[PDB]
Amino acid sequence: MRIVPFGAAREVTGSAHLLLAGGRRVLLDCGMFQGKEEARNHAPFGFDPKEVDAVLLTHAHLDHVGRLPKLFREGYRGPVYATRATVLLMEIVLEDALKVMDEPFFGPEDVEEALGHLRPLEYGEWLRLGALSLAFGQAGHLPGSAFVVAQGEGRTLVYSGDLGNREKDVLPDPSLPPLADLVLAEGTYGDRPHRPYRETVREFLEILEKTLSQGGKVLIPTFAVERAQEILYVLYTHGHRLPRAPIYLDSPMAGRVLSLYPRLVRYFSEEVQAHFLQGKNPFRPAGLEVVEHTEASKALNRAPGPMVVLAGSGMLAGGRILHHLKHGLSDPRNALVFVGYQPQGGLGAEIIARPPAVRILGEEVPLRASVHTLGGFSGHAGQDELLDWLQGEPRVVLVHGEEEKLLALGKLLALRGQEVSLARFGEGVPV
Ligand SMILES: O=c1ccn([C@@H]2O[C@H](COP(=O)(O)O)[C@@H](O)[C@H]2O)c(=O)[nH]1
Ligand SMILES: O=c1ccn([C@@H]2O[C@H](COP(=O)(O)O)[C@@H](O)[C@H]2O)c(=O)[nH]1
Ligand SMILES: O=c1ccn([C@@H]2O[C@H](COP(=O)(O)O)[C@@H](O)[C@H]2O)c(=O)[nH]1
Ligand SMILES: [Zn+2]
Ligand SMILES: [Zn+2]
């Protein structure tokens, strides 16, 4: 048994790993590259799609399923396994990616072909392929997210997929992995742990009361898939002590995801499920409003506070959020609250440097509004959690992370007596 990295080698996007064992070929994830690596979605996979026996998707995010339609576009016609939740979220993600994408590397017929071969596989359910046995484990990173357990030829491999941040409340705790001959694991935060969750919420709430009590606007850049709904959840469970104000989920996509959430109840933590049992949707805080079009979105820029605004892109790459910043950063009564990692050299970082001004949408805008970064809202396991999850595993191959972050984790794992390396693109690793 061998595992071949075909994405996320010393980088965080493009996750795709070819599992070779028993004359069978199983692709573990098929994500697109993003940001500065976007063009690479137009390049070859590195393997022959037509020879793939099956595909397992760990979660619906674009950097894990974005190239799936390219796979079908190039011949593949085998099954694609994933949890019901992922299958459902995928439709929303892929349909949107198709529409909202400068240079497309796939057409609408490919998305249809992809969606049509999706087959549900829940946690604890074993898929048989030749002498190979596969199963999903709880990853706690997204509704329906998982890590993969592959056992065959008398050996065991575990592909972590993306591990969640267990301190948070919306998703169930990641399950520990079984003891394995090899663990292919992410190390996004291989270099550090996150600020504790609870104190992150307290701080989040203090910022809201302060800003809303004075009539200002709280701008929150957010990813549409799960981060936005999580903020909504915090607003729900604490709205009782926050000043009344409209909550604008200024993201059609996030709205569609939110709508799907009631059908995914079993994929949330016990806490969330219990809320649903009492007949209530904890992702709909009072005052919630979904802004569907540009006109209402822009109008918000001119309307006075108090108000809470959630918009994308989550990394200020573009989107409606840029317009809210352009018109709201110059007011000291407002507040910009990051709840998701900001890339180095991006607009976020620039703002965090707290310079006199910033250039947004071709204009120099004064930065008077307060700024806050709440890394505790992160959706990935922090360094400490990564070490706990990896505890006792003899061999670890790291993926999904910047080289240095990955090295930082490897060093600690090595000092712990665990064999580790940083996966290299196209280079098979024996299990
Ligand atoms: O594009 C879609 C959306 C939903 N469903 C199906 O509609 C039913 C209800 O969805 P859900 O309750 O499982 O979320 C399920 O049997 C599901 O497979 C589809 O086949 N295709
Ligand atoms: O040091 C980091 C931390 C996170 N991320 C990326 O940014 C996203 C946001 O992660 P988070 O805000 O949930 O922590 C992740 O999906 C990942 O691709 C990085 O590139 N480097
Ligand atoms: O170190 C390796 C080992 C296998 N493969 C890939 O595995 C498939 C063939 O497997 P096999 O004939 O080595 O068993 C090919 O698509 C090839 O790209 C690699 O890329 N690198
Ligand atoms: Zn992810
Ligand atoms: Zn990822």
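Quick one: pull the percentage of alpha-carbon pairs in the stretch 65-107 with a separation above 13 Å.
Roughly 57 percent, once rounded to a whole number.
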List, in order, the whole-Hz ³J(HN,Hα) value for each residue of the stretch 114-126 obtained from phi through the Karplus relation with A = 6.51, B = -1.76, C = 1.60 and θ = phi - 60°; use x for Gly and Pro. 5, 4, x, 9, 6, 10, x, 8, 8, 4, x, 9, 8
Rounded to the nearest Å, the spacing of the alpha-carbon centers of the stretch 157-180 and the stretch 19-62 is 21
For the pair residue 98 and residue 344, the simple spin-label estimate (label points 7 Å beyond Cα toward Cβ) gives in nm 3.8
For residue 403 and residue 109 in the same chain, what is the full-extension length gain: residue separation times 0.36 nm, less their Cα-Cα distance, in nm? 102.2 nm
So, relative contact order of the stretch 196-377 in percent, Cα under 8 Å, 6 or more apart, is 31
Overall Cα dimensions of the chain, principal axis frame, Å, largest first: 65, 49, 47
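Find, to one decimal place in angstroms, the Kirkwood hydrodynamic radius of the stretch 338-422, where the mean of 1/r is taken over every pair of different Cα atoms and then inverted.
When all Cα pairs of the stretch 338-422 are included, the Kirkwood radius is 15.6 Å.
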Give the Rg (one decimal place) followed by the Dmax (whole number) of the stretch 32-101, computed from C-alpha coordinates and expressed in Å. 12.1, 32
The stretch 260-292-the stretch 370-431 distance, computed between alpha-carbon centres (Å): 32
Determine the percent antiparallel among the DSSP beta bridges restricted to the chain, to the nearest 5. 45
With all distinct Cα pairs included, what does the Kirkwood hydrodynamic radius of the stretch 196-377 come out to in Å, to one decimal, could you say? 16.6
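Read the figures in this text as sums done on the coordinates, not as results from a lab. Reconstructed Cβ throughout: ideal geometry from the backbone, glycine too, with neighbour counts over all protein chains shown.
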